[PDB]
Amino acid sequence: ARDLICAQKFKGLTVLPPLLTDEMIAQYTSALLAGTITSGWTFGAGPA
Amino acid sequence: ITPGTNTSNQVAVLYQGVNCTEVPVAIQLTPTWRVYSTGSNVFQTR
Ligand SMILES: *[C@@H]1O[C@H](CO)[C@@H](O)[C@H](O)[C@H]1NC(C)=O
């Protein structure tokens with residue numbers, strides 16, 4: 001079926017992967033939740 | 001990928017969207033741009 005992705009890869013249209021993977025992005029959110037739950041707003045202003 | 005001309009002349013070359021194994025310069029467009037068959041260890045990234 002060739003899907004559409006490498007149908008588009010032919011004729012020279014390519015998608016560059018994002019610099020940050022999905023896992024690390026989720027890791028960033030997890031850290032934000034931990035700071036909010038355990039430290040409230042303090043971690044944003046300075047030391048948690 | 002270059003550290004900077006002032007810092008050094010060594011360079012790193014990334015071939016986008018290809019396996020290292022099937023299509024290296026070891027076996028090609030830009031032939032003078034060879035960087036040898038194995039200039040260093042080849043690393044297959046996403
Ligand atoms: C081509 O690259 C993919 C992803 O890097 C890899 O899983 C696959 O094994 C490579 N092809 C071969 C024949 O190894």
# chains A, B, ... in the order shown; residues from 1 in each chain; ligands from 1
>>> residues_near_ligand(ligand="ligand 1", cutoff="7 Å", atoms="only C-alpha atoms and all ligand atoms", output="number ranges by chain")
B: 19, 44-46
>>> write_last_selection(atoms="N, CA and C atoms", output="PDB file, in the first residue's frame")
ATOM      1  N   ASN B  19      19.688   4.224   6.285  1.00  0.00           N
ATOM      2  CA  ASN B  19      20.572   3.344   7.035  1.00  0.00           C
ATOM      3  C   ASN B  19      22.026   3.663   6.753  1.00  0.00           C
ATOM      4  N   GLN B  44      24.018   4.711  13.758  1.00  0.00           N
ATOM      5  CA  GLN B  44      22.719   4.780  13.103  1.00  0.00           C
ATOM      6  C   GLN B  44      21.721   5.426  14.053  1.00  0.00           C
ATOM      7  N   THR B  45      21.325   6.654  13.745  1.00  0.00           N
ATOM      8  CA  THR B  45      20.359   7.394  14.537  1.00  0.00           C
ATOM      9  C   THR B  45      19.030   7.468  13.802  1.00  0.00           C
ATOM     10  N   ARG B  46      17.994   7.863  14.544  1.00  0.00           N
ATOM     11  CA  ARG B  46      16.691   8.069  13.929  1.00  0.00           C
ATOM     12  C   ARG B  46      16.746   9.162  12.874  1.00  0.00           C
TER      13      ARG B  46
END
>>> interface_residues(of="chain A", to="chain B", cutoff="12 Å", atoms="only C-alpha atoms", output="PDB file with N, CA, C and O atoms, in the first residue's frame")
ATOM      1  N   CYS A   6       6.311   7.338   2.758  1.00  0.00           N
ATOM      2  CA  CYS A   6       7.386   7.195   1.782  1.00  0.00           C
ATOM      3  C   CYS A   6       6.881   7.245   0.350  1.00  0.00           C
ATOM      4  O   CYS A   6       7.690   7.258  -0.584  1.00  0.00           O
ATOM      5  N   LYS A   9       8.056  10.459   0.641  1.00  0.00           N
ATOM      6  CA  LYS A   9       9.516  10.443   0.667  1.00  0.00           C
ATOM      7  C   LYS A   9      10.077  10.413  -0.742  1.00  0.00           C
ATOM      8  O   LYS A   9      11.054  11.105  -1.045  1.00  0.00           O
ATOM      9  N   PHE A  10       9.472   9.622  -1.617  1.00  0.00           N
ATOM     10  CA  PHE A  10       9.760   9.777  -3.029  1.00  0.00           C
ATOM     11  C   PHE A  10       9.308  11.162  -3.470  1.00  0.00           C
ATOM     12  O   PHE A  10       8.536  11.837  -2.789  1.00  0.00           O
ATOM     13  N   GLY A  12      11.170  13.473  -3.232  1.00  0.00           N
ATOM     14  CA  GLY A  12      12.008  14.334  -2.415  1.00  0.00           C
ATOM     15  C   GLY A  12      11.312  15.211  -1.396  1.00  0.00           C
ATOM     16  O   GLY A  12      11.668  16.387  -1.256  1.00  0.00           O
ATOM     17  N   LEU A  13      10.334  14.673  -0.674  1.00  0.00           N
ATOM     18  CA  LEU A  13       9.712  15.373   0.444  1.00  0.00           C
ATOM     19  C   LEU A  13       9.972  14.573   1.708  1.00  0.00           C
ATOM     20  O   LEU A  13       9.497  13.441   1.838  1.00  0.00           O
ATOM     21  N   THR A  14      10.710  15.161   2.641  1.00  0.00           N
ATOM     22  CA  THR A  14      11.170  14.448   3.820  1.00  0.00           C
ATOM     23  C   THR A  14      10.737  15.179   5.080  1.00  0.00           C
ATOM     24  O   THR A  14      10.586  16.403   5.087  1.00  0.00           O
ATOM     25  N   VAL A  15      10.545  14.412   6.147  1.00  0.00           N
ATOM     26  CA  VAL A  15      10.153  14.942   7.445  1.00  0.00           C
ATOM     27  C   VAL A  15      11.309  14.733   8.407  1.00  0.00           C
ATOM     28  O   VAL A  15      11.678  13.592   8.708  1.00  0.00           O
ATOM     29  N   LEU A  16      11.866  15.814   8.887  1.00  0.00           N
ATOM     30  CA  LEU A  16      12.964  15.729   9.838  1.00  0.00           C
ATOM     31  C   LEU A  16      12.422  15.454  11.232  1.00  0.00           C
ATOM     32  O   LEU A  16      11.508  16.154  11.680  1.00  0.00           O
ATOM     33  N   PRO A  17      12.940  14.451  11.932  1.00  0.00           N
ATOM     34  CA  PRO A  17      12.451  14.151  13.274  1.00  0.00           C
ATOM     35  C   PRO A  17      12.706  15.311  14.216  1.00  0.00           C
ATOM     36  O   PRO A  17      13.722  16.010  14.093  1.00  0.00           O
ATOM     37  N   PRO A  18      11.806  15.550  15.165  1.00  0.00           N
ATOM     38  CA  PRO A  18      12.013  16.646  16.113  1.00  0.00           C
ATOM     39  C   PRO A  18      13.224  16.384  16.992  1.00  0.00           C
ATOM     40  O   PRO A  18      13.594  15.239  17.251  1.00  0.00           O
ATOM     41  N   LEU A  19      13.850  17.472  17.444  1.00  0.00           N
ATOM     42  CA  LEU A  19      15.040  17.337  18.276  1.00  0.00           C
ATOM     43  C   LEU A  19      14.724  16.626  19.582  1.00  0.00           C
ATOM     44  O   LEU A  19      15.474  15.747  20.015  1.00  0.00           O
ATOM     45  N   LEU A  20      13.613  16.981  20.217  1.00  0.00           N
ATOM     46  CA  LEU A  20      13.204  16.355  21.466  1.00  0.00           C
ATOM     47  C   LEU A  20      12.258  15.203  21.161  1.00  0.00           C
ATOM     48  O   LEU A  20      11.248  15.388  20.475  1.00  0.00           O
ATOM     49  N   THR A  21      12.581  14.019  21.669  1.00  0.00           N
ATOM     50  CA  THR A  21      11.710  12.877  21.467  1.00  0.00           C
ATOM     51  C   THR A  21      10.464  13.007  22.336  1.00  0.00           C
ATOM     52  O   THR A  21      10.366  13.869  23.212  1.00  0.00           O
TER      53      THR A  21
END
>>> atom_distance(atom1="CA of residue 7 (chain A)", atom2="CA of residue 27 (chain B)")
25.9 Å
>>> residues_around(residues="residue 32 (chain A)", least_positions_apart="6", cutoff="12 Å", atoms="only C-alpha atoms", output="PyMOL selection string")
chain A and resi 25-26+38-44+48
>>> select_by_dssp(residues="chain A", states="helix (DSSP H, G or I)", output="PyMOL selection string")
chain A and resi 5-12+22-39+42-45
>>> atom_distance(atom1="CA of residue 33 (chain B)", atom2="CA of residue 7 (chain B)")
21.4 Å
